[PDB]
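Line by line, the protein sequences give chains J, e, C, W and X.
Residue 23 in the deposited numbering sits at position 22 of the first sequence, and the numbers go up by one each step.
Taken in order, the second sequence gives residues 9 to 15, 20 to 48, 51 to 66; the numbers are from the deposited numbering.
Residue 128 in the deposited numbering sits at position 104 of the third sequence, and the numbers go up by one each step.
Residue 84 in the deposited numbering sits at position 83 of the fourth sequence, and the numbers go up by one each step.
Residue 82 in the deposited numbering sits at position 82 of the fifth sequence, and the numbers go up by one each step.
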Amino acid sequence: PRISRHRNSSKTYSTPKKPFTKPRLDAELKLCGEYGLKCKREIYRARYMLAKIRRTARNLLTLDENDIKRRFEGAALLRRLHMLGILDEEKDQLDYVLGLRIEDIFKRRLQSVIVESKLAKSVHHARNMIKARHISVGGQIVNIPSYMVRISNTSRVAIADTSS
Amino acid sequence: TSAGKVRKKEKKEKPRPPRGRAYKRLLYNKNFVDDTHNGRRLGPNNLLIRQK
Amino acid sequence: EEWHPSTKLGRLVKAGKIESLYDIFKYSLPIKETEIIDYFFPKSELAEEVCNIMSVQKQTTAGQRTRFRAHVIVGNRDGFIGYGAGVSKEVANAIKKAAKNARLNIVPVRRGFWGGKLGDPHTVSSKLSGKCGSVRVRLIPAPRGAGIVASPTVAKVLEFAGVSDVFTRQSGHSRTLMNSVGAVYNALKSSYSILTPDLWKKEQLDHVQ
Amino acid sequence: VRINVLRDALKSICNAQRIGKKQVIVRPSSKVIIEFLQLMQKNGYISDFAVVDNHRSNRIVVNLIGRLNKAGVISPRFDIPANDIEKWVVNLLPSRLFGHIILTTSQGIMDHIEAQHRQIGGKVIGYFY
Amino acid sequence: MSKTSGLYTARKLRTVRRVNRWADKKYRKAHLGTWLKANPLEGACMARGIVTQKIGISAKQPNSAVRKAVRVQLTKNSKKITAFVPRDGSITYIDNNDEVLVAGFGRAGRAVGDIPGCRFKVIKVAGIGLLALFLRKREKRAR
RNA sequence: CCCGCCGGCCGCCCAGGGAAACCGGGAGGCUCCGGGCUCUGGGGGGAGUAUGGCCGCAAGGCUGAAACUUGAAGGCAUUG
RNA sequence: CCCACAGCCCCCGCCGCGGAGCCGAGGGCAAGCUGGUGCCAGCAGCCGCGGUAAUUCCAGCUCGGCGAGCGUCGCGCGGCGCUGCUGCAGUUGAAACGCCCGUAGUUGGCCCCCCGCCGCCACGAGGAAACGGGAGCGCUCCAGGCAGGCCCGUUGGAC
Ligand SMILES: [Mg+2]
Ligand SMILES: [Mg+2]
Ligand SMILES: [Mg+2]
Ligand SMILES: [Mg+2]
Ligand SMILES: [Mg+2]
Numbered sequence: 002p003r004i005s006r007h008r009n010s011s012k013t014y015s016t017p018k019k020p021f022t023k024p025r026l027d028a029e030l031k032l033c034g035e036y037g038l039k040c041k042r043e044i045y046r047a048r049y050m051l052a053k054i055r056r057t058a059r060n061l062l063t064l065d066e067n068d069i070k071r072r073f074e075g076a077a078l079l080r081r082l083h084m085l086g087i088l089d090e091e092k093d094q095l096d097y098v099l100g101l102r103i104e105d106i107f108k109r110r111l112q113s114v115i116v117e118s119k120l121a122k123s124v125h126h127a128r129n130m131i132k133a134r135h136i137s138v139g140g141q142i143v144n145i146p147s148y149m150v151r152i153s154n155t156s157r158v159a160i161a162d163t164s165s
Numbered sequence: 009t010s011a012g013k014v015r020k021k022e023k024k025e026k027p028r029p030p031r032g033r034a035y036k037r038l039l040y041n042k043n044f045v046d047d048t051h052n053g054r055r056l057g058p059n060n061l062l063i064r065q066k
Numbered sequence: 025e026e027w028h029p030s031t032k033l034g035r036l037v038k039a040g041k042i043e044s045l046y047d048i049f050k051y052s053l054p055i056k057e058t059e060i061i062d063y064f065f066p067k068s069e070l071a072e073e074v075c076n077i078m079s080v081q082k083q084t085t086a087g088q089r090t091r092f093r094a095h096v097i098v099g100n101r102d103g104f105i106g107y108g109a110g111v112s113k114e115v116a117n118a119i120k121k122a123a124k125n126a127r128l129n130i131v132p133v134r135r136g137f138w139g140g141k142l143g144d145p146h147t148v149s150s151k152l153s154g155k156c157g158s159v160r161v162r163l164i165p166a167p168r169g170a171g172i173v174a175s176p177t178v179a180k181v182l183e184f185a186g187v188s189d190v191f192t193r194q195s196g197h198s199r200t201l202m203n204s205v206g207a208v209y210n211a212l213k214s215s216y217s218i219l220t221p222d223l224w225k226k227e228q229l230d231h232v233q
Numbered sequence: 002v003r004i005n006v007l008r009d010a011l012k013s014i015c016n017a018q019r020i021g022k023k024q025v026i027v028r029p030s031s032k033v034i035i036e037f038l039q040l041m042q043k044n045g046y047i048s049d050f051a052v053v054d055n056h057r058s059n060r061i062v063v064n065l066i067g068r069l070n071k072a073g074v075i076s077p078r079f080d081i082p083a084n085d086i087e088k089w090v091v092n093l094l095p096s097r098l099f100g101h102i103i104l105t106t107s108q109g110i111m112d113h114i115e116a117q118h119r120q121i122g123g124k125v126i127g128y129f130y
Numbered sequence: 001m002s003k004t005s006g007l008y009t010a011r012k013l014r015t016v017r018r019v020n021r022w023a024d025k026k027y028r029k030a031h032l033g034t035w036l037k038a039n040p041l042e043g044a045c046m047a048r049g050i051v052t053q054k055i056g057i058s059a060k061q062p063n064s065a066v067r068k069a070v071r072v073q074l075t076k077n078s079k080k081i082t083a084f085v086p087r088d089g090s091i092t093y094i095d096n097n098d099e100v101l102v103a104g105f106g107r108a109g110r111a112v113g114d115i116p117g118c119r120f121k122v123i124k125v126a127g128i129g130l131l132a133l134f135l136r137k138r139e140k141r142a143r
């Protein structure tokens, strides 16, 4: 057969079981306005990733502290979270993870990091600027609004040298 | 006895709204900033009367 | 005009002799005056919500006599919850009666941890069950961040009680709202009457209150 | 006919404690009953007890002090794997913090905490909290 | 207790469930085979047939109306069914001896609404969706 | 005569249980839901019918469907 | 630049087509104003609407949901503790054989300190990957792939 048959693929998001729920609609619209999200698939993606992290943390927490698997997996998970900036550096216990929330994921988006740096007037302005390729990360132009910046690259985000 | 006995006004020309993320901006402003007494509803007679 | 106490407990409340509601609850003293609680909540921290409004008819010689029945819950989102009902010929007066009854009866709610102890309790102390009519409810502690897994009606009660993480199960004819709310109320009420090994400590009775 | 002596003993104990009694008498004695009661005593639920010899069907006397809220048996002895204990704990116990689940192992009768400590499994006998 | 609970009793429990799960109407209707042999569509989403008579059916007692339907004969079975064209004034688009595509109603094989003994819907005629003809998206000038 | 024990037949009833009527020598000790064994049921009709099999002098008994149809049928209690 | 030849992606120069539909607005279930018709025409998964205001039909205005996708039909899982091992019911709602004996079958009080055997628990060997889980790596992100950096565990692909 064609080698293209062995290529993998998967979905990335989940839809709520009860759609018409007033508080949920209000909160989702509030978040969309605050962070200027395009559609409601982004929130579903964030919820999916958060659920994955929470499930991993639960499974690890069920075990004993001195379980080799627990140590290995918790160390990897904490390192990833710290490198990504989602979890604060000073927290190094698996319990703290279960308290995380999607807003922490959102705060690490490129729009957010360039807005808190005073490099853009607004999230909408940030998106428009990102599309036109006036921005760079570590000397490389990034035009994806949902691109997530690691902590080590936070000070390396600047305006594109070649942009007008 | 004739089917279709039950089956004329022209369409009013108005500027198209801003589609995409912009639609989310005005909806946010419609019911979180811009004013919508007697509590509030969505397009009851009284609210529509004032704008007319 | 001014709140004139009609009970010894009411007069004591009028004076500043007793300072906390937990003191009254510790001696299982019935409450008969709506002012005895609002004095301890001067800023109207207590919320309010009308769960259901239903109409009941009585057959008579000439037509039917209609009436309204209302259900109301109140809480400050800090280990306090109450439930009441009221019936009257008019909707507004029935709502007032239900609010008064809900305010009158109130119970503290015990909260605990799922595994790791981190400051403020976030879920129920342990498993709790309630029963009213055909309806049964189970409340199971949940981890932090799990939200409230429950139907819209029960979730409002759990919010007003000041809970954040909990798994629920319902059995019976749950479409009867009053019996569901009563079952959850009874389950919450039972919380401070369940003995645990932490409370095995033997303390001598005191001559206060 | 009589089959599960432990079930009858536990039902009698709970019945007596319900109406705030002080002593109970359970008719047939057995090694498993004795170990169950010893564990209960070490955890602080039932204080002291005595075994009365009569050559046949030895009787037992136990002294109560409240505290106990529920006790039971699982009749068919299921074989819990060492890593399958959390599900049973969640299903059976009110909370993951103070209940006890009894298992019989090649190392003897112990609690689920002790079996988790030694990372071994076995068969289930009962529970109390 | 009422149910057997011994450690060596798996066979009896399996047999009990095997026998007793045939008492559910849904399970029987699905796993028995009579419905499949009796359903004119043989477990298909929709079928293609020829209309042969255009008729009107009265409604039930609490309602009062004459619903417009046609008689169809399925190509792959040669049996007869009654299919109902709901949209207003859409009977005039259907002509006698015309090729049609007929699907089901919401419920699997029960009657829907006040229409007595009707279980099928017309969706396409002469290759054009009826919903599209009703909205004037297309025209049937080929017929 | 009265004070007990075993066994049996009954009445009222605190807890508890239940949709309730009521049970309480359990219909209790159960969503805080695991003593052992056996049988039966899964919306209402069609229908204990048709077709086969076994038994029986017969009358009939045991076993026992489907197509099709239908949105309620039922229980305990309240006011008229 | 790439490519067997050509596209495509990507990079460099000169001009520079900015386009949203599908469903719905009585309840379940988030979302209301005139004109027609008059139990007719039609809507309606269920409850129901329509016999002169039709908040439900047909139109206009307005509004809501998802969104480059939306809706309809059939099947499977879930919903369903309505197949119940966990975990249903059996006085009156559907349902304890008229009663006894009884074989297969299922279930069987207490007691021995250590030996043998069966089940049981734990560990281990042996035996394909792909899939799934999972360690590390900025295909610009991502769905993915096993890459890759210079001053690399013997660079890595562990389990
Ligand atoms: Mg049970
Ligand atoms: Mg039936
Ligand atoms: Mg049932
Ligand atoms: Mg009857
Ligand atoms: Mg019956």
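We put the beta carbon where it would ideally sit given N, CA and C, even for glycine.
Not a single CB atom of chain X sits nearer than 8 Å to the CB of W:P82. Around C:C156, the same chain offers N203, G206, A207, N210 as residues with beta carbons nearer than 7 Å, after the five sequence neighbours per side are excluded.
Chain order gives the chain e residues near X:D88 as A11, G12, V14, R15, where near means a beta carbon separation below 8 Å. J:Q94 carries a coil assignment under DSSP once its states are collapsed to helix, strand and coil.
At a beta-carbon threshold of 8 Å, the residues of chain X lying near W:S76 are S5, ordered along the chain. At a cut-off of 8 Å between beta-carbon atoms, J:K39 makes contact with chain e. Within chain e, no residue has its CB atom less than 8 Å from the CB of J:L111, the nearest being about 16 Å off. Here C:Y107 is buried: its Cβ has 16 or more other Cβ atoms, across all protein chains shown, within 10 Å.
It is roughly 10 Å from the alpha-carbon of J:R80 to the alpha-carbon of J:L88. According to the DSSP secondary-structure assignment, W:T105 is paired through a beta bridge with W:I110, W:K124. DSSP lists J:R110 as the beta-bridge partner residues of J:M149. For the stretch 90–124 of chain J, the residues whose beta carbon sits under 7 Å from a beta carbon of chain C are, in order, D96, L99, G100.
Closer than 8 Å to the CB of e:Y35 there is not a single CB belonging to chain J. Using a Cβ-Cβ cut-off of 8 Å, J:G86 does not count as an interface residue toward chain e, since no Cβ of chain e sits closer than that to its own. What J:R59 touches in chain C, judged by beta-carbon distance under 7 Å, is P167, going in chain order.
Residues of the stretch 149–161 of chain C with a C-beta less than 8 Å from any C-beta of chain W: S149, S150, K151, listed in chain order. If you look at J:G34, you'll find it in the alpha helix (DSSP H) that goes 23–36.
Under the 8 Å criterion on CB atoms, C:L182 is classed as non-interfacial with respect to chain J. By the CB criterion at 8 Å, C:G103 and C:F184 fall outside the cutoff. Excluding the 5 residues flanking it on each side, W:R97 has same chain C-beta neighbours closer than 8 Å at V90, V91, in chain order.
The DSSP-derived three-state label of C:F191 is strand. The beta carbon of e:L56 sits no closer than 8 Å to any beta carbon of chain J. Sixteen is the threshold: when 16 or more other Cβ atoms of the shown chains lie within 10 Å of the Cβ of C:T147, as they do, the residue is buried.
Secondary structure note for C:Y209: its alpha helix (DSSP H) is the uninterrupted segment 201–213. Taken in chain order, the unbroken stretches of beta strand (DSSP E) that lie wholly in the stretch 73–153 of chain C and span 3 residues or more are 73–83, 88–99, 104–112. Ranked by how close their Cα comes to the Cα of X:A69, the residues X:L41, X:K121, X:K26, X:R143 have X:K121 in first place.
The residues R71, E74, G75, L95, in chain order, have a CB closer than 7 Å to that of J:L61 in the same chain once the five nearest residues on each side in sequence are set aside.
The DSSP assignment places 80–84, 99–104, 120–125 as complete runs of the beta strand (DSSP E) inside the stretch 75–131 of chain X, in order along the chain (cut-off: 3 residues).
Ranked by how close their Cα comes to the Cα of J:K39, the residues e:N59, e:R31, e:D47 have e:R31 in first place.
DSSP places J:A77 inside the alpha helix (DSSP H), whose first and last residues are 69–85. Of the candidates X:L131, X:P40, X:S58, the residue whose Cα lies closest to the Cα of X:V72 is X:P40.
Check the Cα spacing between X:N97 and each of X:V51, X:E42, X:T15: the tightest is with X:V51. Under DSSP, W:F50 takes part in a beta bridge, and its partners are W:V63. In the displayed model, W:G73 falls within a strand according to three-state DSSP.
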